[PDB]
Structures are given as C-alpha cells and as structure tokens.
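Peer 1: One file: coords_34.pdb (PDB, C-alpha atoms and all ligand atoms).
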```
ATOM      1  CA  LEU A   1       5.574   1.568  20.792  1.00  0.00           C
ATOM      2  CA  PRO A   2       7.606   4.180  18.716  1.00  0.00           C
ATOM      3  CA  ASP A   3       6.003   7.068  16.744  1.00  0.00           C
ATOM      4  CA  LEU A   4       5.647   6.807  12.945  1.00  0.00           C
ATOM      5  CA  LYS A   5       9.073   6.940  11.203  1.00  0.00           C
ATOM      6  CA  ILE A   6       9.663   8.825   7.880  1.00  0.00           C
ATOM      7  CA  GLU A   7      12.700   7.953   5.696  1.00  0.00           C
ATOM      8  CA  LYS A   8      13.640   9.402   2.257  1.00  0.00           C
ATOM      9  CA  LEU A   9      14.167   6.723  -0.491  1.00  0.00           C
ATOM     10  CA  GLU A  10      15.131   9.251  -3.161  1.00  0.00           C
ATOM     11  CA  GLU A  11      14.036  12.661  -4.558  1.00  0.00           C
ATOM     12  CA  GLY A  12      10.246  12.891  -3.877  1.00  0.00           C
ATOM     13  CA  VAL A  13       9.732   9.345  -2.411  1.00  0.00           C
ATOM     14  CA  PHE A  14       9.512   8.647   1.349  1.00  0.00           C
ATOM     15  CA  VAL A  15       8.753   5.478   3.296  1.00  0.00           C
ATOM     16  CA  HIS A  16       6.484   5.901   6.325  1.00  0.00           C
ATOM     17  CA  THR A  17       6.712   3.087   8.877  1.00  0.00           C
ATOM     18  CA  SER A  18       4.145   2.599  11.668  1.00  0.00           C
ATOM     19  CA  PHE A  19       3.910  -0.010  14.444  1.00  0.00           C
ATOM     20  CA  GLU A  20       0.770  -1.527  16.020  1.00  0.00           C
ATOM     21  CA  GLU A  21       0.248  -4.466  18.424  1.00  0.00           C
ATOM     22  CA  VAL A  22      -2.522  -6.562  16.731  1.00  0.00           C
ATOM     23  CA  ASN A  23      -4.022  -9.476  18.792  1.00  0.00           C
ATOM     24  CA  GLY A  24      -1.722 -12.554  18.319  1.00  0.00           C
ATOM     25  CA  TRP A  25       0.716 -11.197  15.680  1.00  0.00           C
ATOM     26  CA  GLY A  26       2.544  -9.032  18.278  1.00  0.00           C
ATOM     27  CA  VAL A  27       3.860  -5.648  17.038  1.00  0.00           C
ATOM     28  CA  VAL A  28       3.320  -5.343  13.250  1.00  0.00           C
ATOM     29  CA  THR A  29       5.720  -3.101  11.263  1.00  0.00           C
ATOM     30  CA  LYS A  30       3.812  -1.486   8.302  1.00  0.00           C
ATOM     31  CA  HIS A  31       5.512   0.450   5.439  1.00  0.00           C
ATOM     32  CA  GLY A  32       3.677   2.934   3.186  1.00  0.00           C
ATOM     33  CA  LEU A  33       5.022   5.667   0.851  1.00  0.00           C
ATOM     34  CA  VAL A  34       4.673   9.440   0.493  1.00  0.00           C
ATOM     35  CA  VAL A  35       5.157  10.592  -3.113  1.00  0.00           C
ATOM     36  CA  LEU A  36       5.784  14.293  -3.967  1.00  0.00           C
ATOM     37  CA  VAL A  37       4.544  15.806  -7.253  1.00  0.00           C
ATOM     38  CA  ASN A  38       5.900  19.417  -7.200  1.00  0.00           C
ATOM     39  CA  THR A  39       4.554  20.832  -3.837  1.00  0.00           C
ATOM     40  CA  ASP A  40       1.719  18.185  -3.660  1.00  0.00           C
ATOM     41  CA  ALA A  41       2.077  15.041  -1.427  1.00  0.00           C
ATOM     42  CA  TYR A  42       0.264  11.687  -1.894  1.00  0.00           C
ATOM     43  CA  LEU A  43      -0.038   9.029   0.861  1.00  0.00           C
ATOM     44  CA  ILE A  44       0.370   5.430  -0.460  1.00  0.00           C
ATOM     45  CA  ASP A  45      -1.521   3.566   2.334  1.00  0.00           C
ATOM     46  CA  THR A  46      -2.410   5.228   5.684  1.00  0.00           C
ATOM     47  CA  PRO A  47      -0.622   4.228   8.894  1.00  0.00           C
ATOM     48  CA  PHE A  48      -2.595   2.089  11.416  1.00  0.00           C
ATOM     49  CA  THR A  49      -3.974   4.992  13.551  1.00  0.00           C
ATOM     50  CA  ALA A  50      -5.501   8.525  13.332  1.00  0.00           C
ATOM     51  CA  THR A  51      -2.544   9.593  15.568  1.00  0.00           C
ATOM     52  CA  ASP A  52       0.208   8.305  13.200  1.00  0.00           C
ATOM     53  CA  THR A  53      -1.720   9.607  10.121  1.00  0.00           C
ATOM     54  CA  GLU A  54      -1.928  13.096  11.757  1.00  0.00           C
ATOM     55  CA  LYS A  55       1.861  12.984  12.592  1.00  0.00           C
ATOM     56  CA  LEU A  56       2.565  11.957   8.938  1.00  0.00           C
ATOM     57  CA  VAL A  57       0.332  14.677   7.368  1.00  0.00           C
ATOM     58  CA  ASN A  58       1.637  17.368   9.808  1.00  0.00           C
ATOM     59  CA  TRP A  59       5.297  16.457   8.966  1.00  0.00           C
ATOM     60  CA  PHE A  60       4.739  17.168   5.207  1.00  0.00           C
ATOM     61  CA  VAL A  61       2.400  20.179   5.867  1.00  0.00           C
ATOM     62  CA  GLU A  62       5.075  21.827   8.131  1.00  0.00           C
ATOM     63  CA  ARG A  63       7.680  21.199   5.319  1.00  0.00           C
ATOM     64  CA  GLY A  64       5.435  23.168   2.877  1.00  0.00           C
ATOM     65  CA  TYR A  65       3.482  20.365   1.079  1.00  0.00           C
ATOM     66  CA  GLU A  66      -0.288  20.132   0.440  1.00  0.00           C
ATOM     67  CA  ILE A  67      -1.681  16.588   0.992  1.00  0.00           C
ATOM     68  CA  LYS A  68      -3.589  16.152  -2.337  1.00  0.00           C
ATOM     69  CA  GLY A  69      -4.717  12.520  -1.908  1.00  0.00           C
ATOM     70  CA  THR A  70      -4.333   9.116  -0.245  1.00  0.00           C
ATOM     71  CA  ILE A  71      -4.757   5.650  -1.870  1.00  0.00           C
ATOM     72  CA  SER A  72      -5.370   2.499   0.235  1.00  0.00           C
ATOM     73  CA  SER A  73      -3.881  -0.689  -1.369  1.00  0.00           C
ATOM     74  CA  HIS A  74      -6.607  -2.840   0.350  1.00  0.00           C
ATOM     75  CA  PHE A  75      -9.402  -2.807   2.973  1.00  0.00           C
ATOM     76  CA  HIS A  76      -7.418  -4.055   6.060  1.00  0.00           C
ATOM     77  CA  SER A  77      -6.545  -1.593   8.901  1.00  0.00           C
ATOM     78  CA  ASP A  78      -2.753  -1.456   8.110  1.00  0.00           C
ATOM     79  CA  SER A  79      -3.745   0.321   4.758  1.00  0.00           C
ATOM     80  CA  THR A  80      -6.955   2.214   5.784  1.00  0.00           C
ATOM     81  CA  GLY A  81      -6.629   3.010   9.555  1.00  0.00           C
ATOM     82  CA  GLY A  82      -6.163   6.747   8.831  1.00  0.00           C
ATOM     83  CA  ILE A  83      -9.136   7.141   6.414  1.00  0.00           C
ATOM     84  CA  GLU A  84     -11.681   8.412   9.030  1.00  0.00           C
ATOM     85  CA  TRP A  85      -9.238  11.107  10.283  1.00  0.00           C
ATOM     86  CA  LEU A  86      -8.217  12.176   6.699  1.00  0.00           C
ATOM     87  CA  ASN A  87     -11.959  12.470   5.759  1.00  0.00           C
ATOM     88  CA  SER A  88     -12.585  14.734   8.823  1.00  0.00           C
ATOM     89  CA  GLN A  89      -9.727  17.014   7.535  1.00  0.00           C
ATOM     90  CA  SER A  90     -11.166  17.057   3.927  1.00  0.00           C
ATOM     91  CA  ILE A  91      -8.009  15.324   2.576  1.00  0.00           C
ATOM     92  CA  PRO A  92      -9.265  13.295  -0.424  1.00  0.00           C
ATOM     93  CA  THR A  93      -9.130   9.503   0.298  1.00  0.00           C
ATOM     94  CA  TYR A  94      -9.208   6.961  -2.590  1.00  0.00           C
ATOM     95  CA  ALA A  95      -9.897   3.203  -2.691  1.00  0.00           C
ATOM     96  CA  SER A  96     -11.186   0.750  -5.369  1.00  0.00           C
ATOM     97  CA  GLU A  97     -15.006   0.269  -5.463  1.00  0.00           C
ATOM     98  CA  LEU A  98     -14.383  -3.295  -4.218  1.00  0.00           C
ATOM     99  CA  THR A  99     -12.174  -2.017  -1.308  1.00  0.00           C
ATOM    100  CA  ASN A 100     -14.848   0.542  -0.319  1.00  0.00           C
ATOM    101  CA  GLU A 101     -17.563  -2.194  -0.320  1.00  0.00           C
ATOM    102  CA  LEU A 102     -15.323  -4.505   1.763  1.00  0.00           C
ATOM    103  CA  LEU A 103     -14.804  -1.593   4.258  1.00  0.00           C
ATOM    104  CA  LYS A 104     -18.634  -1.011   4.360  1.00  0.00           C
ATOM    105  CA  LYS A 105     -19.279  -4.784   4.892  1.00  0.00           C
ATOM    106  CA  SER A 106     -16.628  -4.733   7.745  1.00  0.00           C
ATOM    107  CA  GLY A 107     -18.419  -1.727   9.387  1.00  0.00           C
ATOM    108  CA  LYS A 108     -15.424   0.613   8.704  1.00  0.00           C
ATOM    109  CA  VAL A 109     -15.382   4.179   7.286  1.00  0.00           C
ATOM    110  CA  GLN A 110     -14.993   4.314   3.459  1.00  0.00           C
ATOM    111  CA  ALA A 111     -12.627   6.379   1.300  1.00  0.00           C
ATOM    112  CA  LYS A 112     -14.513   9.451  -0.112  1.00  0.00           C
ATOM    113  CA  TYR A 113     -13.584   8.572  -3.783  1.00  0.00           C
ATOM    114  CA  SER A 114     -13.570   5.139  -5.533  1.00  0.00           C
ATOM    115  CA  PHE A 115     -12.483   3.832  -9.015  1.00  0.00           C
ATOM    116  CA  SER A 116     -12.977   0.456 -10.836  1.00  0.00           C
ATOM    117  CA  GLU A 117     -10.132   0.613 -13.479  1.00  0.00           C
ATOM    118  CA  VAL A 118      -7.520  -2.256 -13.458  1.00  0.00           C
ATOM    119  CA  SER A 119      -4.759   0.260 -14.499  1.00  0.00           C
ATOM    120  CA  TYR A 120      -5.342   3.923 -13.747  1.00  0.00           C
ATOM    121  CA  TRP A 121      -3.269   7.027 -13.156  1.00  0.00           C
ATOM    122  CA  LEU A 122      -3.886   8.528  -9.660  1.00  0.00           C
ATOM    123  CA  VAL A 123      -1.445  11.207 -11.021  1.00  0.00           C
ATOM    124  CA  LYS A 124      -0.756  11.069 -14.821  1.00  0.00           C
ATOM    125  CA  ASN A 125       2.817   9.792 -15.637  1.00  0.00           C
ATOM    126  CA  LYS A 126       3.696   9.850 -11.856  1.00  0.00           C
ATOM    127  CA  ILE A 127       1.494   7.379  -9.823  1.00  0.00           C
ATOM    128  CA  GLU A 128      -0.158   4.298 -11.452  1.00  0.00           C
ATOM    129  CA  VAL A 129      -2.590   2.030  -9.442  1.00  0.00           C
ATOM    130  CA  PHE A 130      -2.716  -1.609 -10.706  1.00  0.00           C
ATOM    131  CA  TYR A 131      -4.886  -4.639  -9.761  1.00  0.00           C
ATOM    132  CA  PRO A 132      -2.786  -7.813 -10.398  1.00  0.00           C
ATOM    133  CA  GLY A 133      -5.645 -10.056  -9.133  1.00  0.00           C
ATOM    134  CA  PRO A 134      -6.525 -11.584  -5.730  1.00  0.00           C
ATOM    135  CA  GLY A 135      -3.811 -12.759  -3.298  1.00  0.00           C
ATOM    136  CA  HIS A 136      -3.454 -11.434   0.262  1.00  0.00           C
ATOM    137  CA  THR A 137      -7.052 -10.196  -0.316  1.00  0.00           C
ATOM    138  CA  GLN A 138      -9.630 -10.116  -3.173  1.00  0.00           C
ATOM    139  CA  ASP A 139      -9.036  -6.327  -3.547  1.00  0.00           C
ATOM    140  CA  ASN A 140      -5.205  -5.971  -3.129  1.00  0.00           C
ATOM    141  CA  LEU A 141      -3.624  -3.208  -5.372  1.00  0.00           C
ATOM    142  CA  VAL A 142      -0.019  -2.189  -6.137  1.00  0.00           C
ATOM    143  CA  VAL A 143       1.286   1.308  -6.897  1.00  0.00           C
ATOM    144  CA  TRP A 144       3.907   1.963  -9.611  1.00  0.00           C
ATOM    145  CA  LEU A 145       6.094   5.121  -9.778  1.00  0.00           C
ATOM    146  CA  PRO A 146       7.269   5.258 -13.426  1.00  0.00           C
ATOM    147  CA  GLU A 147       9.920   8.014 -12.906  1.00  0.00           C
ATOM    148  CA  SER A 148      11.727   6.216 -10.005  1.00  0.00           C
ATOM    149  CA  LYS A 149      10.803   2.643 -11.225  1.00  0.00           C
ATOM    150  CA  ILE A 150       9.651   1.913  -7.614  1.00  0.00           C
ATOM    151  CA  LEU A 151       6.820  -0.603  -7.045  1.00  0.00           C
ATOM    152  CA  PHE A 152       4.773  -0.440  -3.792  1.00  0.00           C
ATOM    153  CA  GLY A 153       3.433  -4.027  -3.448  1.00  0.00           C
ATOM    154  CA  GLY A 154       1.604  -3.569  -0.095  1.00  0.00           C
ATOM    155  CA  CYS A 155       0.527  -6.825   1.664  1.00  0.00           C
ATOM    156  CA  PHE A 156       0.547  -8.701  -1.716  1.00  0.00           C
ATOM    157  CA  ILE A 157       4.421  -8.896  -1.746  1.00  0.00           C
ATOM    158  CA  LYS A 158       5.326 -11.680   0.747  1.00  0.00           C
ATOM    159  CA  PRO A 159       8.858 -13.059   0.184  1.00  0.00           C
ATOM    160  CA  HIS A 160       9.148 -14.754   3.654  1.00  0.00           C
ATOM    161  CA  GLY A 161       5.693 -16.099   4.832  1.00  0.00           C
ATOM    162  CA  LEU A 162       2.226 -14.982   3.624  1.00  0.00           C
ATOM    163  CA  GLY A 163       1.070 -13.579   7.027  1.00  0.00           C
ATOM    164  CA  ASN A 164      -2.702 -13.146   7.670  1.00  0.00           C
ATOM    165  CA  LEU A 165      -4.525 -15.722   5.429  1.00  0.00           C
ATOM    166  CA  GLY A 166      -7.989 -14.884   6.925  1.00  0.00           C
ATOM    167  CA  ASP A 167      -9.126 -13.037   3.728  1.00  0.00           C
ATOM    168  CA  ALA A 168      -6.548 -14.523   1.286  1.00  0.00           C
ATOM    169  CA  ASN A 169      -7.280 -16.181  -2.116  1.00  0.00           C
ATOM    170  CA  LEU A 170      -4.496 -18.819  -2.220  1.00  0.00           C
ATOM    171  CA  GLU A 171      -5.937 -20.359  -5.454  1.00  0.00           C
ATOM    172  CA  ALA A 172      -5.576 -16.942  -7.271  1.00  0.00           C
ATOM    173  CA  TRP A 173      -2.378 -15.629  -5.607  1.00  0.00           C
ATOM    174  CA  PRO A 174       0.170 -17.523  -7.818  1.00  0.00           C
ATOM    175  CA  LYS A 175      -1.686 -16.352 -11.016  1.00  0.00           C
ATOM    176  CA  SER A 176      -1.852 -12.744  -9.645  1.00  0.00           C
ATOM    177  CA  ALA A 177       1.916 -12.915  -8.761  1.00  0.00           C
ATOM    178  CA  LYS A 178       2.739 -14.018 -12.354  1.00  0.00           C
ATOM    179  CA  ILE A 179       0.615 -11.139 -13.760  1.00  0.00           C
ATOM    180  CA  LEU A 180       2.566  -8.696 -11.489  1.00  0.00           C
ATOM    181  CA  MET A 181       5.990 -10.177 -12.532  1.00  0.00           C
ATOM    182  CA  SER A 182       4.969  -9.860 -16.240  1.00  0.00           C
ATOM    183  CA  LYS A 183       3.913  -6.179 -15.846  1.00  0.00           C
ATOM    184  CA  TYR A 184       6.688  -4.807 -13.547  1.00  0.00           C
ATOM    185  CA  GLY A 185       9.887  -6.848 -14.340  1.00  0.00           C
ATOM    186  CA  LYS A 186      11.476  -3.322 -14.882  1.00  0.00           C
ATOM    187  CA  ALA A 187      10.989  -2.365 -11.132  1.00  0.00           C
ATOM    188  CA  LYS A 188      14.437  -1.420  -9.716  1.00  0.00           C
ATOM    189  CA  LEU A 189      12.947  -1.465  -6.159  1.00  0.00           C
ATOM    190  CA  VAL A 190       9.970  -3.309  -4.576  1.00  0.00           C
ATOM    191  CA  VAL A 191       8.630  -1.815  -1.297  1.00  0.00           C
ATOM    192  CA  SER A 192       6.266  -4.173   0.575  1.00  0.00           C
ATOM    193  CA  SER A 193       4.049  -3.651   3.666  1.00  0.00           C
ATOM    194  CA  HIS A 194       6.072  -5.867   6.080  1.00  0.00           C
ATOM    195  CA  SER A 195       9.343  -6.983   4.405  1.00  0.00           C
ATOM    196  CA  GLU A 196      12.696  -5.266   3.685  1.00  0.00           C
ATOM    197  CA  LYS A 197      12.735  -3.396   0.349  1.00  0.00           C
ATOM    198  CA  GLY A 198      14.536  -5.363  -2.417  1.00  0.00           C
ATOM    199  CA  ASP A 199      14.853  -5.899  -6.191  1.00  0.00           C
ATOM    200  CA  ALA A 200      12.303  -7.268  -8.756  1.00  0.00           C
ATOM    201  CA  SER A 201      13.068 -10.857  -7.511  1.00  0.00           C
ATOM    202  CA  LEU A 202      10.704 -10.178  -4.510  1.00  0.00           C
ATOM    203  CA  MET A 203       7.861 -10.694  -7.057  1.00  0.00           C
ATOM    204  CA  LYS A 204       9.302 -14.178  -7.907  1.00  0.00           C
ATOM    205  CA  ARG A 205       9.784 -14.942  -4.142  1.00  0.00           C
ATOM    206  CA  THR A 206       6.068 -13.976  -3.625  1.00  0.00           C
ATOM    207  CA  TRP A 207       5.033 -16.328  -6.504  1.00  0.00           C
ATOM    208  CA  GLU A 208       7.004 -19.163  -4.765  1.00  0.00           C
ATOM    209  CA  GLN A 209       5.539 -18.395  -1.272  1.00  0.00           C
ATOM    210  CA  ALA A 210       1.986 -18.254  -2.735  1.00  0.00           C
ATOM    211  CA  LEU A 211       2.428 -21.737  -4.354  1.00  0.00           C
ATOM    212  CA  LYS A 212       3.997 -23.117  -1.113  1.00  0.00           C
ATOM    213  CA  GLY A 213       1.081 -21.699   0.975  1.00  0.00           C
ATOM    214  CA  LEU A 214      -1.526 -23.058  -1.503  1.00  0.00           C
ATOM    215  CA  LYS A 215       0.101 -26.551  -1.254  1.00  0.00           C
ATOM    216  CA  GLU A 216      -1.259 -26.562   2.418  1.00  0.00           C
TER     217      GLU A 216
HETATM  218  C1  LIG A 301      -2.036  -5.791  10.311  1.00  0.00           C
HETATM  219  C2  LIG A 301      -3.406  -6.045   9.728  1.00  0.00           C
HETATM  220  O1  LIG A 301      -3.928  -4.836   9.172  1.00  0.00           O
HETATM  221  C3  LIG A 301      -3.408  -7.145   8.669  1.00  0.00           C
HETATM  222  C4  LIG A 301      -3.240  -6.553   7.302  1.00  0.00           C
HETATM  223  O2  LIG A 301      -4.285  -5.956   6.924  1.00  0.00           O
HETATM  224  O3  LIG A 301      -2.244  -6.664   6.622  1.00  0.00           O
HETATM  225  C5  LIG A 301      -2.418  -8.345   8.751  1.00  0.00           C
HETATM  226  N1  LIG A 301      -1.935  -8.539   7.404  1.00  0.00           N
HETATM  227  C6  LIG A 301      -0.728  -9.058   7.390  1.00  0.00           C
HETATM  228  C7  LIG A 301      -0.086  -9.227   6.095  1.00  0.00           C
HETATM  229  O4  LIG A 301       0.612  -8.347   5.657  1.00  0.00           O
HETATM  230  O5  LIG A 301      -0.415 -10.282   5.411  1.00  0.00           O
HETATM  231  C8  LIG A 301      -0.203  -9.215   8.657  1.00  0.00           C
HETATM  232  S1  LIG A 301       1.066 -10.262   9.281  1.00  0.00           S
HETATM  233  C9  LIG A 301       2.668  -9.582   8.747  1.00  0.00           C
HETATM  234  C10 LIG A 301       3.276 -10.558   7.727  1.00  0.00           C
HETATM  235  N2  LIG A 301       4.684 -10.646   8.112  1.00  0.00           N
HETATM  236  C11 LIG A 301       5.008  -9.609   9.101  1.00  0.00           C
HETATM  237  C12 LIG A 301       6.237 -10.019   9.937  1.00  0.00           C
HETATM  238  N3  LIG A 301       6.945  -8.820  10.416  1.00  0.00           N
HETATM  239  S2  LIG A 301       6.354  -7.794  11.538  1.00  0.00           S
HETATM  240  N4  LIG A 301       7.565  -7.440  12.546  1.00  0.00           N
HETATM  241  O6  LIG A 301       5.392  -8.507  12.305  1.00  0.00           O
HETATM  242  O7  LIG A 301       6.001  -6.576  10.892  1.00  0.00           O
HETATM  243  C13 LIG A 301       3.691  -9.536   9.881  1.00  0.00           C
HETATM  244  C14 LIG A 301      -1.103  -8.412   9.566  1.00  0.00           C
HETATM  245  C15 LIG A 301      -1.256  -9.038  10.946  1.00  0.00           C
HETATM  246 ZN    ZN A 302      -4.285  -7.201   4.870  1.00  0.00          ZN
HETATM  247 ZN    ZN A 303      -0.445  -6.247   6.226  1.00  0.00          ZN
END
```
Give the structure from the file, written as structure tokens.
Ligand SMILES: C[C@@H](O)[C@@H](C(=O)O)[C@H]1NC(C(=O)O)=C(S[C@@H]2CN[C@H](CNS(N)(=O)=O)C2)[C@@H]1C
Ligand SMILES: [Zn+2]
Ligand SMILES: [Zn+2]
Peer 2:
Amino acid sequence: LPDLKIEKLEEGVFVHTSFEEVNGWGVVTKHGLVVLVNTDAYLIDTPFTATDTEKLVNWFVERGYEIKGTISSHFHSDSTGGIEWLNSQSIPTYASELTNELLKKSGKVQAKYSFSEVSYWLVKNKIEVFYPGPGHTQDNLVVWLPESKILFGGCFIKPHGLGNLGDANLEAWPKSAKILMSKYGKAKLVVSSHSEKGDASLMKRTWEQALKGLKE
C-alpha cells in the first residue's frame, strides 16, 4: 500500500522502507539504506519495485545527490527488484558473482558489475561489503559503515523467526552467524531487512534462531 518511506538515521545514513504483498506472506516490510559520501549517494539494497526505486533515486537527486552505485545483499526480489530500472538509467548496480549467477539462473536481470572478494570496500574507509557465509541464502552479504559503526545485515539478521527458508542453508547459518558476531561485535546499530533496528545482540539472537530453525 504506502509509497517508499525515507528516514534519517544520522548524518549521511538513511533507511528506505518499502512494502510489497508477496503471495502468502501478506505485506512484507523491507528496509534498505542510503549512504552519502560527500555529494554521492549509494543504495544498500533496492526496494521491491521499479516505482519505489525511482521514487528513492528521485528523492536524493532532487536534494542534490548523484546516485554513484547500488549493492544488492542477495539475489531475492526484496534486495534486487530495482536493478532493471537502475540499469536503464545507467546507475551502476553491484552484486557478488554468485548473486549475479543466481539472478541469471532465476531468469532475472543481473547487476552490471560483480565482485568475488569476501571483504571489499565498495567505497574505501566508508562502505565495506562482507560475506559471513550462507544463511538466509547461499549468497547473503552484509554491509558495514565504519564511520557510523552501523551494520546492514539484510535478510541474514533474523532475531524473531527466519522467514522464507526456500533458499536457506540452515546447516551453515549458525556458523555464518558466529563469523558475523566475531567480525562486527563493535556494531553500535544493526539494521536488518524485516526487523526493528537494535544493538549488536541481534547477531546473537540470529545465531539462536538459526540453531532453533536447524533443530527442525
Ligand atoms: C520478500 C522476498 O523478496 C523474500 C526475500 O527475498 O527476502 C522473502 N524473504 C524473507 C526473509 O527476509 O527471510 C521474507 S519473510 C519476512 C521475515 N519476517 C518478516 C515479518 N515482518 S513483515 N511485516 O512481514 O515485514 C517477513 C520474504 C517473504
Ligand atoms: Zn531473501
Ligand atoms: Zn527478505
């Protein structure tokens, strides 16, 4: 129902929230980020639709920002739904090589640029992309903002029910959650795809939910 929402978290970090009815999960609430580096804007996940992605880009363009790049945390539509529209506007889209091949295999449009690195800087000292290992999906990534100490966990952070298990790796998820906890204990805020933002303990809650879900 409602249009995409944009909310400031702090200087240069915004949450974008979009809503989509998806067969037999009802209306899904999806959070992404927009990160500002000087007058450049980066989309951390696309909203569900071309429409919401256009509203999001136009909001930052009208406020003087250039959209320099988007990164999709994984291949599902709540992270990649905007890619086709961004490509048509020549806004650089990024995904892991694995994510792009999963999109291809699913008959979806791919990000224009891909990368294979476990840890890499999308923007040096500002936006780090990290693969903790499989969980929600084989390809799931997190995004770390070193200056704000904010972690975007995407659909991997699941403090209250794991959600769509269709493409999940329950065997790996607890191991991947421990790897994430070990790397980003210093997160002062964890933003997830579908849960309220919270403290570093959301990584421990995710570890617990992963184990619980694995134990059938
Ligand atoms: C949307 C689609 O793209 C998929 C995706 O790729 O993520 C599905 N993946 C996940 C997920 O995150 O694991 C979900 S279920 C999500 C987990 N808890 C949320 C409860 N709150 S609410 N008001 O429904 O927002 C709903 C999607 C259906
Ligand atoms: Zn997903
Ligand atoms: Zn999701």
Peer 1: Report as a PyMOL selection string the full result of the PyMOL selection byres (((chain A and resi 195) around 9) and not hetatm) when it is applied to this structure.
Peer 2: chain A and resi 29-31+157-160+191-194+196-198
Peer 1: Output the residue selection produced by the PyMOL selection byres (((chain A and resi 128-138) around 6) and not hetatm) on the file above, formatted as a PyMOL selection string.
Peer 2: chain A and resi 118-122+127+139-144+156+167-169+172-173+176+179-180
Peer 1: So that I have them on file, write out the residues from the current selection with C-alpha atoms, as a compact mmCIF listing (two decimals), in the frame of the given file.
Peer 2:
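So out-v7.txt came out as:
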```
# COMPACT_ATOMS: atom_id res chain seq x y z
CA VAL A 118 -7.52 -2.26 -13.46
CA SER A 119 -4.76 0.26 -14.50
CA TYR A 120 -5.34 3.92 -13.75
CA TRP A 121 -3.27 7.03 -13.16
CA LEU A 122 -3.89 8.53 -9.66
CA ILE A 127 1.49 7.38 -9.82
CA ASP A 139 -9.04 -6.33 -3.55
CA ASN A 140 -5.20 -5.97 -3.13
CA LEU A 141 -3.62 -3.21 -5.37
CA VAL A 142 -0.02 -2.19 -6.14
CA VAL A 143 1.29 1.31 -6.90
CA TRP A 144 3.91 1.96 -9.61
CA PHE A 156 0.55 -8.70 -1.72
CA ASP A 167 -9.13 -13.04 3.73
CA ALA A 168 -6.55 -14.52 1.29
CA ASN A 169 -7.28 -16.18 -2.12
CA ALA A 172 -5.58 -16.94 -7.27
CA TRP A 173 -2.38 -15.63 -5.61
CA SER A 176 -1.85 -12.74 -9.64
CA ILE A 179 0.62 -11.14 -13.76
CA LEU A 180 2.57 -8.70 -11.49
```
Peer 1: Which one of A:45, A:78, A:40, A:20 sits closest to ligand ZN 302 (chain A) if you count all atoms listed in the file?
Peer 2: A:78
Peer 1: Please enumerate the residues selected by the PyMOL selection byres (((chain A and resi 38) around 12) and not hetatm) when evaluated against the supplied file, formatted as a PyMOL selection string.
Peer 2: chain A and resi 11-13+35-37+39-42+64-68+123+126
Peer 1: Would you mind listing the residues within 6 Å of ligand LIG 301 (chain A), counting all atoms listed in the file, as a list in words?
Peer 2: residues 25, 27, 28, 29, 76, 77, 78, 155, 162, 163, 164 and 194 of chain A
Peer 1: For ligand ZN 303 (chain A), which residue among A:166, A:43, A:91, A:99 is the nearest when counting all atoms listed in the file?
Peer 2: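 The answer is A:166, which sits nearest to ligand ZN 303 (chain A).
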Peer 1: For range 79-197 of chain A versus range 48-56 of chain A, which residues have an atom no more than 8 Å away, and what is each residue's nearest atom pair and distance in Å rounded to one decimal, using all atoms listed in the file, chain-then-number order, as a Markdown table?
Peer 2:
```
| residue | atom | partner | partner_atom | distance |
| --- | --- | --- | --- | --- |
| A:79 | CA | A:48 | CA | 7.0 |
| A:80 | CA | A:48 | CA | 7.1 |
| A:81 | CA | A:48 | CA | 4.5 |
| A:82 | CA | A:50 | CA | 4.9 |
| A:83 | CA | A:50 | CA | 7.9 |
| A:84 | CA | A:50 | CA | 7.5 |
| A:85 | CA | A:50 | CA | 5.5 |
| A:86 | CA | A:53 | CA | 7.8 |
```
Peer 1: Export, as a PDB file, keeping the file's coordinate frame, the selected residues with C-alpha atoms.
Peer 2:
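Printed below is result.pdb as written:
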```pdb
ATOM      1  CA  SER A  79      -3.745   0.321   4.758  1.00  0.00           C
ATOM      2  CA  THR A  80      -6.955   2.214   5.784  1.00  0.00           C
ATOM      3  CA  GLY A  81      -6.629   3.010   9.555  1.00  0.00           C
ATOM      4  CA  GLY A  82      -6.163   6.747   8.831  1.00  0.00           C
ATOM      5  CA  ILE A  83      -9.136   7.141   6.414  1.00  0.00           C
ATOM      6  CA  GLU A  84     -11.681   8.412   9.030  1.00  0.00           C
ATOM      7  CA  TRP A  85      -9.238  11.107  10.283  1.00  0.00           C
ATOM      8  CA  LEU A  86      -8.217  12.176   6.699  1.00  0.00           C
TER       9      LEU A  86
END
```
Peer 1: Nearest to ligand ZN 302 (chain A) among A:6, A:57, A:145, A:103, with distances taken over all atoms listed in the file: which residue is it?
Peer 2: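 When distances to ligand ZN 302 (chain A) are compared using all atoms listed in the file, the smallest one comes from A:103.
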Peer 1: What gap, in Å, lies between CA of residue 101 in chain A and CA of residue 124 in chain A?
Peer 2: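 Computed distance, CA of residue 101 in chain A to CA of residue 124 in chain A, equals 25.9 Å.
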Peer 1: Report the distance between CA of residue 102 in chain A and CA of residue 89 in chain A in Å, rounded to one decimal place.
Peer 2: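 It comes out at 23.0 Å.
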Peer 1: Using only C-alpha atoms, find the one residue out of A:98, A:210, A:181, A:15 that sits nearest to residue 115 in chain A.
Peer 2: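 Nearest candidate to residue 115 in chain A out of A:98, A:210, A:181, A:15: A:98.
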Peer 1: Would you mind telling me which residue in A:7, A:24, A:165, A:170 lies nearest to ligand ZN 303 (chain A) when using all atoms listed in the file?
Peer 2: A:165
Peer 1: Between A:109, A:4, A:22, A:9, which has the minimum distance to residue 148 in chain A (counting all atoms listed in the file)?
Peer 2: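 Of the candidates, the smallest distance to residue 148 in chain A is held by A:9.
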Peer 1: Need to verify the contact set: residue 33 in chain A, 6 Å, all atoms listed in the file, exclusion of same-chain residues closer than 5 positions in sequence. Can you return it as a VMD selection string?
Peer 2: chain A and resid 14 to 16 44
Peer 1: Restricting the output to C-alpha atoms, write the selected residues as a PDB file, keeping the file's coordinate frame.
Peer 2:
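Below you can see selection_4.pdb, which holds the result:
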```pdb
ATOM      1  CA  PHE A  14       9.512   8.647   1.349  1.00  0.00           C
ATOM      2  CA  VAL A  15       8.753   5.478   3.296  1.00  0.00           C
ATOM      3  CA  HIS A  16       6.484   5.901   6.325  1.00  0.00           C
ATOM      4  CA  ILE A  44       0.370   5.430  -0.460  1.00  0.00           C
TER       5      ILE A  44
END
```
Peer 1: Please work out which residues fall within 6 Å of (-0.3, -22.2, -4.8), coordinates as given in the file, with only C-alpha atoms counting, and return them as a VMD selection string.
Peer 2: chain A and resid 170 to 171 174 210 to 215
Peer 1: If I take CA of residue 70 in chain A and CA of residue 209 in chain A, how far is one from the other in Å, to one decimal?
Peer 2: 29.2 Å
Peer 1: Report the centre and edge lengths, in Å to one decimal, of an axis-aligned box enclosing every atom of range 57-70 of chain A listed in the file, padded by 6 Å on each side, as AutoDock Vina command-line options.
Peer 2:
```
--center_x 1.5 --center_y 16.1 --center_z 3.7 --size_x 24.4 --size_y 26.1 --size_z 24.1
```
Peer 1: Which residues are close to residue 201 in chain A, i.e. within 10 Å by only C-alpha atoms, leaving aside same-chain residues fewer than 4 positions away? Reply as a PyMOL selection string.
Peer 2: chain A and resi 159+181+185+187-190+205-207
Peer 1: For residue 111 in chain A, please output as a count of residues only all residues within 6 Å (counting all atoms listed in the file; exclusion window: fewer than 2 positions along the same chain).
Peer 2: 4
